[PDB]
Amino acid sequence: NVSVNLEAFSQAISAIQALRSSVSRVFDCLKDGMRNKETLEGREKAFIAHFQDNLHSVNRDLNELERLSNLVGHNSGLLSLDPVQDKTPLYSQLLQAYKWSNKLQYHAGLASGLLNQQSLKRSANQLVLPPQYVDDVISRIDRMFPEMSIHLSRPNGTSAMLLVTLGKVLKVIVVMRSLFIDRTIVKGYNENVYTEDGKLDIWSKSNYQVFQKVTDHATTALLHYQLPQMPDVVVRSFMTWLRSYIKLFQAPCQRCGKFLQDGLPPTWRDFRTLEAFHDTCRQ
Amino acid sequence: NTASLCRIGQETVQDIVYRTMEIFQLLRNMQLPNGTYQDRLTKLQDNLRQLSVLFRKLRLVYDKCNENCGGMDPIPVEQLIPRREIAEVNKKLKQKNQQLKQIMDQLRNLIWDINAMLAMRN
Amino acid sequence: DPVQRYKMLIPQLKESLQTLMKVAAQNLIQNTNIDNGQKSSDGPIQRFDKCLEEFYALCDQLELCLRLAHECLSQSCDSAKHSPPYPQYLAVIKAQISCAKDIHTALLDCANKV
Amino acid sequence: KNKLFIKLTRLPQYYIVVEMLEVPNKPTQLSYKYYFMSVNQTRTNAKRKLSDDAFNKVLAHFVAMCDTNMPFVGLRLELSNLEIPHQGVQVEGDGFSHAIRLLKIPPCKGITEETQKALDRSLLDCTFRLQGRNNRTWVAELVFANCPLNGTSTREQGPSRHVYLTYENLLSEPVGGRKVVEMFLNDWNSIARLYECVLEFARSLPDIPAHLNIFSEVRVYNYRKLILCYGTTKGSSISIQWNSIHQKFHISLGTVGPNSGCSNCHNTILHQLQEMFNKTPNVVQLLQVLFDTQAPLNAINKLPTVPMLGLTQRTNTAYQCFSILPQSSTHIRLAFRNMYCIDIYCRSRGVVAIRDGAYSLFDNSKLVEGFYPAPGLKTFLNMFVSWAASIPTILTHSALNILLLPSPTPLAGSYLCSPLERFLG
Amino acid sequence: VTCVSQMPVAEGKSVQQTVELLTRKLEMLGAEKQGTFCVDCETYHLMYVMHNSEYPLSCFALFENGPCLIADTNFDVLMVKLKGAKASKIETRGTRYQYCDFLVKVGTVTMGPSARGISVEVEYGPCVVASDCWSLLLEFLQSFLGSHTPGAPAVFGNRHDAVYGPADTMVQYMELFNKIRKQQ
Amino acid sequence: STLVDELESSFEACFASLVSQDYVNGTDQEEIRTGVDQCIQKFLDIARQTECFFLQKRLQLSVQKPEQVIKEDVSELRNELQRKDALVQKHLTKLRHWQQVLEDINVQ
Amino acid sequence: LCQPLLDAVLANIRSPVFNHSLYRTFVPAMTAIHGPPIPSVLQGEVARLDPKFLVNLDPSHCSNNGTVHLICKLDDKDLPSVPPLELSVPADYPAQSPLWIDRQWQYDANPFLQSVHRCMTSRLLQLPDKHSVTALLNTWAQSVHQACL
Amino acid sequence: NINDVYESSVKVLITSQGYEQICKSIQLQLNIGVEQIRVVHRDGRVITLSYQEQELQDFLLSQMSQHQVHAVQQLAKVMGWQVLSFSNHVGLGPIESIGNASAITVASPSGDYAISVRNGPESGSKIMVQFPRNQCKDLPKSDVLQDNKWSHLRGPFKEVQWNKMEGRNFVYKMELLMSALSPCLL
């Protein structure tokens, strides 16, 4: 990407301004040196202290400047070098629209965020969907992630049960009503999942306790991500969690990363931060 | 319908806030074609129209509620406290609800049953 | 030519600033002497205001190079996020501008409607 | 011979052991005697509770009472570890929640002894309470009395303006570790330095100059940040607050009202303004430097600075037609692609000066670094009023706006050049 | 993700009393004790065939640094009818404890009548390719054995990309047995 | 400017921050964040206050005019009655449909 | 690179014309490039108390001098009315425990009162080193309550 | 809608009468199985109820109390108030309670008047409100406080008669009250 190069250059602008500011500070607080007050020795300590501090500011700034001096780094350009659109007021309008669009983007993003966090609805009063559309959204979230082999299968018909697997760790089962996740069974990578025919046992257990606790936490996640009014986003938000459960068996916990508090690895990925702190350590 | 005015205006304010939320939402999704989609602009416009409607609505309901239809109001303090037709409609409602719950129970039993069987051998 | 020019100024800027501080010390010593009498210096002065102005100048040139870099970079990046046919390109440009303006003007209309 | 240890994991160094031995002569009833314990594989103490006023209500209750009362102990101990003098655990009013009301806050340098006395006479109480789903978030509601300023939110109206500081720990340190009071003291320090600045402002508020008073009124102050509008009509807003992670102030500019530009014209000077306001923390001086340098900058931003690919003989090189580079407070410099660099000083009530920045101020023979001088600029800037350029010429703050606002050429192409762009170009 | 290692006598106490010490520690941790286990091996000519109690319907035959096929219990009979052995057998035998989703076996390796040493086997039940989970196994054994040490053996299986069945377990077993016969 | 004028003005600000008319020059995310924060907070706060006003009026109306609130109740109840028998009738139609279908599949 | 100016400035900090030297060398250039330039804490704790502990200042004494005396009388419907507790605050307080005034002239008669006194003196002795008036009054409430047993 | 021969499942969500969208904690997922009912709580807990019925009665009642005390916080956020908030579990060891326990919260207004909500199962909900010392004539003004600046601190506590006040459900009643102590735009 080029965002990192952009950010480097931005910090570099800030740093060069800081350097000029520091030089000016030095010489300006030097222009009126030993101010007057309160002592004879106090004057000396204060003045020498602030002068040393300003010089250290200069040095720090020059260090940051050489630092960013290490990590150095289309068709629009052709638009300028065309002696027809140059005479007309164009290419000012174009970059104008580009900037206004970027501004609308960031502006509306933050606005919508702050508004979603603080909603007033407090009311609702004052659904079958196309199964093909269910398949569409499931496939969309399947493509959306690198390693989540989502495999929709519909025994019992309009149920649309799933089976997610992710890499040697934690293959799960999802039985969704209709884009409404209802249950979840988290089994290990070596579980019998299909009963005797390819039934995709909607109903078994996990023989190992770790995955049993993960199943409990997964049902909690289901309950927590609810957010009515068009649950298209619900499933994406859930698959983000389940994606986080990769690197489950090898990661510490946030508090006292023993890796095993009572024989159980960290099993509670937070609904926002998404890292750690196994259940005993959270509740 | 006075308290009706109060409640409806209250809900209109929530409608204001939620409409603004979705308006910013639609704005965030916008794309600046690179496409000719143009349905975006349609939803934006006809969305912005409802906001305009609700504002005049709020002015109207505010006016009608602060109209103060002969009310010598006491300040909230001392209000914190430290008709048969209502009863009839409530009784009819409770009865109809009970019948609905019998129906819901019957359907629940049928669904449990049909599930037991098919899931057993289908 | 941002990278080479920045790498070309930073050492030059450091050299200029070192000269600056040294001339500051030179003039301060000279002047506090001549105030306390006690001595003089027959040698030339090495005027200081010139040195500070030269340093500000070099800082300014670096500011120019780096701002140009960031602006051209963001320009090209935003051009990327909205593009992949030269006259066809001009056409999609005109379309883009029109769409942006229509969004802006609809917002202006709803705001003016109050 | 029969034990059941209850480990309360919110704070996993305390246990609620019981015992369940027997009752004599009744072979079916059972006894229960509960003991609070601490562990640091070691062991510290045990204290038998005695309150005897299927579900074991009494002991669900004791484990509860042990849950939320115990973080208050941690905070009290770590609060006495520093010199803050705290009242007791203090069940507040209805026997529903504990609190700790910091009697008086420890003095925080550096604050001039006057404003320290003002703060002491300002706060009435600062009390900590436990507020969280995890029991790991404290809130300190501290009330102040003689508010110097009153913002335009109609909720500050009221004598005592309450302020709440919310703190949680990282779950790794204790529930009430030293980190919470360190943070509270840092926030007291932020409130303190801001109180200093706002008290100066409040003493000055009577007989502040009329022009300032017309343009820019106070928006909100609550106690933690100060937000001031601008004028015509309350377009923009500055936000002064103290950031005790950098030990310096931080002014963030913003746009609020309609009539102003797309962005705060002053954003070009934000870093310079920040250095200024750190050196001299005097809000009146800042409002003054914003009054001037309001319309100059509002004209200067509205100049094209967009890289054009094909200017010079080498058609491959971008050149940034204009470029605004501020020299550190109020003295910004325009710069054609690289060759010409006029510099514009802002000044007293109206005027705004225009030198030719290429000419070195201390020498008249030398051209500063790279940018050559613009022949004949003195004539032109006089029109709107050898090396004669370097003497600063003066323009009356609306000539400048006519000097930069795009305008048609004296089919003209309809390009909207600026009357300064064309000359130097 | 089984891990095997040889715990010395540390005499100290007797080899059985060493097993007693381990049993006491593992009971102290709070692990329930399940039915005994037993693994034994034979070499032919060089081919190794070995039986395990965790898999009592399948007997594994392994060539050192080669193939390792699992077979049905009726692979002993094929080796019987194939005479076209050395009585260097080895036979571990001990009790099986169960932690939370965590199984650990200790045994007194016996050749003939003379127990040559003590062998401990730990297998974190729910697992996949070891390269991701060996951290946790070390985390646990550092409490149990780490006093002496555990030393990463799954490097016998960590070179690969991603797979883990039950064979590599008996591979490790054979490696240990070859180590216990040689030195006294 | 009783209350509703305040809300209109606040909404006007919260949008018109960006739209106004003028050349844009870089957008420097931070000032956008600060502007959106202040505008949106004032908007939600004037919403706070209008809701408070309406609710206070309802409390007054309750302590004064109880005929009004009881009639509100009778209105809501009858509306729910209509919604209820509508739902049950829809379900009855569905039951008839599937009944005929099932017994037909039996006849075939 | 700062060492020259550093030792130069440190050389002449004492000279009475140091300010003139700093001004002469620098101010010309710097203007050439930049243009022209009742203890009232006890009041708080008494304010924020629980209503049951109505506390006034002693009619005897003159609270004016460094330490204000207090005459606080328990209320609260649940409790049993007892004798008042006379407080004294060492104006250096906080970090100064407010004295109690012990008197069998108060409690001697009856058993309930003497039990109150036993519980009070014990628990107060336990109270650590930093008593605030709220600590005393809370302790007293707990003592009355525990004597009601 | 999928009930297998072995084990069934249901969701139970307790909500306030009108405020639903706005307030929704206290959600569960029973797994009814042969001889045990496993409960998974939104908060993250996993309780294993026995096969009896009184147990489920009790658990659901405990959740009902907790829900009232959670709904008050959700409403205070809904708009208008800052929270000096609760303990889900403990309150302040005020009284014993036979269903597990009770949770109490305390949220202040924009300016002054703080309200407080205690509620436990089979120990009636008690909501009392605070006042500034200004508005209470009863409290005997102590001489020790001599100043005026101090009067406007939050003061005492005065219980609110629930069974009377006004409203349909408990969140509605508390909302009318919580608006009733607002800056009083009338």
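FYI, it's all coordinate maths here, none of it is from the lab. Note that each Cβ is placed from the backbone with ideal geometry, even for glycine, and that neighbours are counted across all protein chains shown.
F:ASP73 to D:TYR164: FRET efficiency via 1/(1 + (r/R0)^6), r the Cβ-Cβ distance, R0 45 Å, to the nearest 0.05? With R0 = 45 Å, the Cβ-Cβ based efficiency is 0.70. In order along region D:26-39, the Karplus-derived 3J(HN,Hα) couplings, from 6.51 cos²θ - 1.76 cosθ + 1.60 at θ = phi - 60°, round to 10, x, 10, 5, 9, 9, 7, 9, 9, 9, 7, 9, 10, 9 Hz, and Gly and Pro are given as x.
Placing +1 on the Cβ of every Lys and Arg and -1 on the Cβ of every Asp and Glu, with no other charges, gives chain H a dipole of roughly 780 debye about its Cα centre.
With charges set only on the Cβ (+1 for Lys and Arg, -1 for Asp and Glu), what does the dipole of the protein assembly as shown come to about its Cα centre, in debye to the nearest 20?
Values: 162 positive and 150 negative charges, 160 e Å.
Roughly 760 debye, rounded to the nearest 20.
Computed from backbone phi with θ = phi - 60° and the Karplus coefficients 6.51, -1.76 and 1.60, the 3J(HN,Hα) list for region D:303-309 is 9, x, 10, 9, x, 10, 6 Hz; x is used for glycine and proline. Along the positive direction of the dipole of region H:49-186 (beta-carbon charges: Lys, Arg +1; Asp, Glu -1; about the Cα centre), which of H:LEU186, H:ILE115, H:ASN88 reaches farthest? Most positive-ward Cα: H:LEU186. Between D:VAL220 and D:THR152, D:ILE227, the built amide H atoms are under 5 Å apart, and every one of these is 5 or more places off in sequence or on another chain.
Region G:6-64 and region B:67-122 have their alpha-carbon centroids 67 Å apart. Charging the Cβ of each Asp and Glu at -1 and of each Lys and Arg at +1, and nothing else, the dipole of region G:23-80 about its Cα centre rounds to 440 debye.
Once backbone amide H atoms are built at 1.01 Å from N, D:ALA335 has D:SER323 as its partners under 5 Å, excluding neighbours fewer than 5 places away on the same chain. Whole-Hz Karplus values for region E:49-54 come out as 10, 9, 10, 9, 8, 5 Hz, taken residue by residue from phi with 6.51 cos²θ - 1.76 cosθ + 1.60 and θ = phi - 60°; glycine and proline positions read x. For chain F, the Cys residues with no second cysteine's beta carbon closer than 4.7 Å are F:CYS52.
Taking the charge dipole of region D:25-108 about its Cα centre, with +1 at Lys and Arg Cβ atoms and -1 at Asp and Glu Cβ atoms, the residue from D:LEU77, D:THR28, D:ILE100 reaching farthest to the positive side is D:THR28.
Quick one: check the C-alpha center-to-center distance for region C:69-91 versus region H:3-68, whole angstrom. Centre-to-centre distance over Cα atoms comes out at 56 Å.
Considering only B:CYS65, G:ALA32, D:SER329, and ranking their Cα positions along the charge dipole of the protein assembly as shown that arises from unit charges at the beta-carbon of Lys, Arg, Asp and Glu, the one farthest toward the positive end is B:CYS65.
Calculated FRET efficiency, H:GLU7 to A:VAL4, Cβ-Cβ distance, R0 = 51 Å: about 0.50 to the nearest 0.05.
Pairs from the table (A:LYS99/D:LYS302; B:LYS94/H:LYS24; G:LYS77/H:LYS126; D:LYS57/H:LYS164) lying more than 22 angstrom apart at Cα are B:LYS94/H:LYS24; D:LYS57/H:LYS164. Close amide H pairs (under 5 Å, H built 1.01 Å from N) link A:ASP201 with A:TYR194, A:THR195, residues at least 5 positions away or on another chain. In this simple spin-label approximation, C:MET8 and F:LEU92 carry label points 7 Å from Cα along the Cα→Cβ vector, and these lie 9.1 nm apart. Sites listed here are GluC sites (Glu not before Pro) in region H:107-186 whose DSSP assignment is loop and whose Cβ has at most 13 other Cβ atoms within 10 Å: H:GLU122. The modelled label-to-label distance for the pair A:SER149/B:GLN102, using points 7 Å beyond Cα in the direction of Cβ, is 5.4 nm. Distance from the Cα centroid of region D:299-325 to that of region D:351-376 is 20 Å (rounded to whole angstrom).
Counting pairs of alpha carbon atoms under 8 Å apart in space and at least six apart in sequence, what relative contact order in percent does region A:129-283 give?
Working: 228 pairs, mean separation 22.5, N = 155.
Once divided by the residue count of region A:129-283, the mean separation gives 14 percent.
Placing dummy labels 7 Å off each Cα toward the beta-carbon, the span from E:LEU78 to C:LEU108 is 8.6 nm.
Calculated FRET efficiency, D:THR233 to F:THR2, Cβ-Cβ distance, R0 = 25 Å: about 0.75 to the nearest 0.05.
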